[PDB]
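Chains as they are written, first to last, in our numbering: chain A, 1 to 459; chain B, 1001 to 1070; chain C, 2001 to 2088; chain D, 3001 to 3107; chain E, 4001 to 4056; chain F, 5001 to 5040; chain G, 6001 to 6178.
Everything below concerns the one structure shown next.
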Amino acid sequence: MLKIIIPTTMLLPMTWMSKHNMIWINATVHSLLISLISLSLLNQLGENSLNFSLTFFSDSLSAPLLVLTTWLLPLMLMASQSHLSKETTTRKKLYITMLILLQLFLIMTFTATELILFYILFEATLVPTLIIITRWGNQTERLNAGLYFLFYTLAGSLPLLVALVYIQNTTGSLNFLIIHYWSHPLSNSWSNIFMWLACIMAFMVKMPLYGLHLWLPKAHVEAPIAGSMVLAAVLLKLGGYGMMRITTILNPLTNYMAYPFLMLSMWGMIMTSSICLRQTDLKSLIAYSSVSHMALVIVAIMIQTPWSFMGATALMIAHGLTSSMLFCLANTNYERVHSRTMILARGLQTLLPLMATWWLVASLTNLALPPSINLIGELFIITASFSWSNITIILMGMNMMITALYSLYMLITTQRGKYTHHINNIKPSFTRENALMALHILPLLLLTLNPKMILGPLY
Amino acid sequence: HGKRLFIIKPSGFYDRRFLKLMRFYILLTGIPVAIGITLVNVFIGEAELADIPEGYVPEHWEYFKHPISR
Amino acid sequence: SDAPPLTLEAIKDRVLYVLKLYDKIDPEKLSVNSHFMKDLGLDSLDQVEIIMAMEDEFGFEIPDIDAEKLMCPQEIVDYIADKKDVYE
Amino acid sequence: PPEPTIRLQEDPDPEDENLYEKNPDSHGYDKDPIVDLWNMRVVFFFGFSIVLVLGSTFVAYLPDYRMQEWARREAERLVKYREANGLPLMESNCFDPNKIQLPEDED
Amino acid sequence: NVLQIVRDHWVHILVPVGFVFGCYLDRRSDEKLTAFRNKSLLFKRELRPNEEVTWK
Amino acid sequence: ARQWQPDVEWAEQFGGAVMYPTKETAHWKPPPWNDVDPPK
Amino acid sequence: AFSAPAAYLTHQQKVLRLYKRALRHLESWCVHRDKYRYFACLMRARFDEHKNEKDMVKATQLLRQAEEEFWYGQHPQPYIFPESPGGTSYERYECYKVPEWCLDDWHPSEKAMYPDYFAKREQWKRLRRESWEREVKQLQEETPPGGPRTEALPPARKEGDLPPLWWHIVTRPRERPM
Ligand SMILES: CCCCCCCCCCCCCCCCC[C@@H](O)O[C@H](CO[C@H](O)CCCCCCCCCCCCCCC)COP(=O)(O)OCC[N+](C)(C)C
Ligand SMILES: CCCCCCCCCCCCCCCCC[C@@H](O)O[C@H](CO[C@H](O)CCCCCCCCCCCCCCC)COP(=O)(O)OCC[N+](C)(C)C
Ligand SMILES: CCCCCCCC/C=C\CCCCCCCC(=O)O[C@H](COC(=O)CCCCCCC/C=C/CCCCCCCC)COP(=O)(O)OCCN
Ligand SMILES: CCCCCCCCCCCC(=O)SCCNC(=O)CCNC(=O)[C@H](O)C(C)(C)COP(=O)(O)O
């Protein structure tokens, strides 16, 4: 695994020893090459895992997340090139350093054979994101947003640490392989109930769970474009990955303890999809859509059936790509209009036709149009839920209908109708933005050809 | 009838330029790949399943059929 | 479509045609600049009827606010030309 | 009230600068045309040409380490054997019962 | 020009070097996990006449 | 078009003797710039 | 559409609007032209019998019963001209309407085609640049103190002046740009 970690570390001295006007080119080229190298982790086994060493191991759940993490950095650099133009070389190098450190921590987090090492890196990712949000955000609310994004996380994560060390004091190890092979049932006890809660709540808060989702709209709205991209694409999936790893020690207590979270997610997906219908801000609408999709992923993980896990993996990958694309489109509009109010700039199809095509395809993938991987994950989760209980179909279908409604509402409001007359600074789309949009969308339509790459270890 | 009028419309130059660039680069790498793939299939062919001879242990890459996979 | 690009001459001729087919006006005294209220002695009900006839004969609707202040054939022609963007 | 209403010394908010103004064919990467052009070229070559095409072909031709055809062939020969011998295809027990020691109840 | 563009493009070589160093370190870490090489019940194999180790 | 930065009014929140002023602590005064009080 | 609205509608304007609406809806009911002409002459007669009423309270009690009767028998599916706000081709060609400022973003290779058009466009832009400076002063001096009371604009007064705020009325895209 060092053949990916070491180049990502070398990205830092290369960035800091670069010319003042070569940082973006060098960073983009070498991050793309690192993505290409990481692409060879996809050759997974039907047996246990790719156990590289005592410290790092790869799995067909970890490999798609690793590849998406490596692929996201070049897109983040391309998106950040525009709004950082008027800023000094040292500060741009610091921004690229924060992005590189975030990638390094995420890469080490997804392999992380140890649960304490996983926790340490899973919490180390917090610092670069907070600095990016509270340093290079625009509005005055960013500081407040950062505070939320901080404390919520720690409010969930501090009990987990205690639980973790407690387990190693009883089991003797926190290695995931030993934990899986030596797993034992949890008796229905108050102590075991609180151990279950301490294990679950940390990952629940970062999905986020419906009741615990307040930090996400603030953090995603006030963050710069690279921050929003990394928050929606990779950082939300840490909770799902952690739950998928940790639910192996929580059986059979998950059967009883899953009910409040299942109800919260099943009702909150409807609530947040309905919230999307009445939203005056593009970024907030995209954030609430992310909350709905992650609610579906929470349901899938809580059901803990093979089809549930496959659907959850597919949906995590598809949502990451789609939400990053949607945020990039919103930012392309914002850098022209500087308002971030959906109703202000209207009828952009007549002025930006190719960008309108990008908007249409992004809305189509968000709408879960078959045979996209978005719908593959959606349908697998829905079928698993139907087997779990036939009444889930009402909530699932209502969520599908509202999702289509708000996706097409977002498309029609911004692209169709009549152009706003007083806005005359809508310049033609740059090659950088179109390239960014294509680099988001072609991986999705190309992954629909080989779904088993993103269906997880239970395929 | 010489009543031809000017059609006010946004610039299509940049969209066409981006599409041409993307097509050129994708083809620049994909055409050699397609030609090579076809050539490999046509002349190299594919491995045929056979029983392992006694006293012979195959290499790990000899358990696969397609030459590119091998 | 295949609709001919109508000109000012056609609009003027067609407006005067509709007006001469209104029998409360004698056609020989009619002129392009003749006022409806005073030069021809028509009531405002006659004026709104004339506007309705123009609408039905040109295939589009003149809003009440614009229609209620059109008192000459020439300015009716001018309004139609401005709405339809006629060159000559 | 001789206050200036100027609360502090502040630079005026600058107006956004168009990259197309000083340079048509601007590609939206940098205000330097040479660096702009080379940034476009490297992004397009290493993103669309190298990773997107070669990586996709590499993923397409990955060897069968998941053992799909291996399992198919094993099942084929196993079904051929059991059908020939009249065995009842799949057994309901995953492990042999003779090698499991149940606890005697004596209830 | 040699000795001139090196002073301007020296940084580019670092990422590739890291990839090679990581591969070398991965192999070196592999060399410390040979306690069961050619000893698993599934792959107990008798060595070839001109073979030292089944895998490296 | 420009990133927000704290103004004078934002800075004056942190200029009091303590944070979260109360009716009792309203009459408190920040210490002198150099930690010297007039001998009176 | 073009004319600026007033603060209120006078009684005569209300009566004339009711006359037009009732005639149009009767035409919707009476499909054939001879039947429509007969009933429209009857309708005009029924308007005319109270043309000379001097009592404003009486006239206002009228037009009210009349609009109630209209709402009772108003043909819930009246005929609408296709381009009217309720027609089947109302805003059909708005997607083809492109603003004129977009031409400023054209590539020089695009402006190489149509050179005469862009030369005339440059002339128009220069005319706008000078006329605007004249227009601001003229509007400032002509507006009454305390702000405008009606959104009606004055014409040009001098020889070389242009009507104030003329650019976006003169440079409309077209009724059918494509
Ligand atoms: C502009 C108008 C159109 C012009 C173009 C017309 C031509 C259109 C044809 C292309 C689309 C039509 C669909 C037909 C597909 C043909 C190729 C397909 O069959 O091959 C696939 C093969 O492709 C791969 O399966 C999918 C590509 C993998 C995508 C990887 C992503 C690239 C990395 C980018 C970074 C990652 C970002 C996202 C993180 C998760 C599936 O083949 P498969 O039967 O299965 O086995 C391969 C061959 N074997 C048997 C030897 C093994
Ligand atoms: C706010 C946004 C979302 C945040 C996250 C919300 C999710 C947290 C929900 C917690 C999951 C369940 C907690 C406890 C489940 C135990 C089962 C219980 O509900 O059923 C009865 C439990 O009975 C009563 O509940 C006893 C406890 C009564 C006191 C609880 C307080 C009630 C409301 C508190 C909710 C506040 C939550 C937030 C706190 C800050 C059955 O009684 P009994 O079969 O005999 O005993 C079963 C347990 N044994 C077997 C281990 C002995
Ligand atoms: C987003 C903000 C959420 C904040 C945190 C939410 C998670 C809360 C989970 C509980 C926190 C601490 C739990 C302890 C960690 C696990 C350790 C463990 O399981 O050991 C138990 C110990 O169990 C406990 O001590 C639990 C005591 C909990 C005290 C703190 C209560 C916090 C609030 C309680 C109500 C809310 C609970 C769920 C809230 C969910 C989040 C909203 C049994 O060990 P022993 O006692 O040694 O062996 C038994 C024989 N003696
Ligand atoms: C088929 C659909 C339903 C139809 C039912 C509707 C029933 C409507 C019938 C009601 C009868 C009335 O007229 S309602 C009576 C309203 N009041 C008056 O008529 C008083 C003075 N009349 C005017 O001022 C007019 O404008 C006039 C002088 C005619 C022209 O004026 P000009 O000189 O400025 O054109």
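Where is the CB? At the ideal position from N, CA and C, for every residue including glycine.
| Check | Outcome |
| --- | --- |
| For A:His184 and D:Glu3106, the rounded distance between their alpha carbons | 28 Å |
| Paired residues, beta bridge with A:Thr341 - DSSP | A:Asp281 |
| Any non-hydrogen atom of ligand 1 within 7 Å of A:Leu446 CB | yes |
| Span of the alpha helix (DSSP H), counted from its first residue to its last, around A:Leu455 | Counting along the chain, A:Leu455 falls outside any alpha helix (DSSP H), and DSSP gives it neither H nor E. |
| Under 8 Å from the C-beta of A:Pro428: neighbouring residues of chain G | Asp6105 |
| CB contact below 8 Å: F:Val5036 versus chain D | no |
| A:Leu160 (DSSP reduced to helix, strand or coil) | helix |
| 8 Å contact criterion, which G:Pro6082 and G:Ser6028 should meet: CB distance rounded | About 15 Å separates the two Cβ atoms, so there is no contact after all. |
| The stretch 104-114 of chain A touching the stretch 253-266 of chain A, judged by at least three CB pairs closer than 8 Å | no |
| 7 Å CB neighbourhood of A:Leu411 in its chain, flanking five on each side removed | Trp359, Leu360 and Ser363 |
| Through-space distance from A:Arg336 to A:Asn425, alpha-carbon basis | 7 Å |
| C-beta contact flag for D:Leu3052 and A:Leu442 at 8 Å | yes |
| The stretch 6079-6105 of chain G: positions lying closer than 9 Å to chain A by Cβ | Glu6091, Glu6094, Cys6095, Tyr6096, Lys6097, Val6098, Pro6099, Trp6101, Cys6102, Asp6104 and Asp6105 |
| 7 Å Cβ cut-off: residues of chain G touching B:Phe1013 | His6107, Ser6109 and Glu6110 |
| Residues passing the C-beta test against ligand 3 heavy atoms, cut-off 5 Å | A:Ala155, A:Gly156, A:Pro159, A:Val162, A:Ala163, A:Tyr166, A:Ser191, A:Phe194, A:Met195, A:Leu197, A:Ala198, A:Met201 and A:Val205 |
| C-alpha gap between A:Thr88 and A:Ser274, whole angstroms | 43 Å |
| Residues sharing a beta bridge with A:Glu114, DSSP | A:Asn175 |
| Span separating the alpha-carbon of G:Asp6116 from that of B:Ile1008 | 15 Å |
| Chain G contacts from the stretch 2023-2055 of chain C (Cβ-Cβ distance under 7 Å) | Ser2044, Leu2045, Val2048 and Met2052 |
| Which of helix, strand or coil DSSP assigns to A:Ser289 | helix |
| Under 7 Å by beta carbon: chain E residues contacting A:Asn26 | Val4011 and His4012 |
| Enclosing alpha helix (DSSP H) for A:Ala219 [first to last residue] | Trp215 to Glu222 |
| Cross-chain neighbours of A:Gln81 in chain F, by beta carbon under 9 Å | Ordered by position in chain F, no residue passes the 9 Å Cβ test against A:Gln81, which lies about 17 Å from the chain. |
| Sequence ranges, alpha helix (DSSP H) only - wholly within the stretch 1022-1068 of chain B, length at least 4 | none |
| Heavy atom of ligand 1 within 7 Å of A:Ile37 beta-carbon | no |
| Beta-carbon proximity list for A:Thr125, same chain, < 8 Å, skipping 5 on both sides | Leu102, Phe105, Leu106, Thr109, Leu235 and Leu238 |
| Anticipated Cβ contact below 8 Å, A:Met201 with A:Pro159, distance rounded | 7 Å |
| Proximal residues of chain A, C-beta to C-beta of F:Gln5003 below 7 Å | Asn138 |
| Whole-Å CB distance - A:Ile133 paired with A:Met98, under 8 Å assumed | About 10 Å; that fails the 8 Å criterion. |
| Beta-carbon proximity list for A:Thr305, same chain, < 8 Å, skipping 5 on both sides | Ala384, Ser387 and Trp388 |
| Contact list for A:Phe52 against chain E, beta-carbon separation under 7 Å | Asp4026 |
| Classification of A:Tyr166 by the beta-carbon crowding that lies within 10 angstroms, buried from 16 upward | exposed |
| C-alpha gap between A:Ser53 and A:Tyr181, whole angstroms | 18 Å |
| Candidates A:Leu458, A:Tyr95, A:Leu446 and A:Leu348, of which the one nearest G:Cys6095 by Cα | A:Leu348 |
| Which residues DSSP lists as bridging A:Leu50, in chain order | A:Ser58 |
| Spatial distance of residue 5071 of chain F from A:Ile96 (CA atoms) | Because chain F here runs from 5001 to 5040, residue 5071 of chain F falls outside it and cannot be looked at. |
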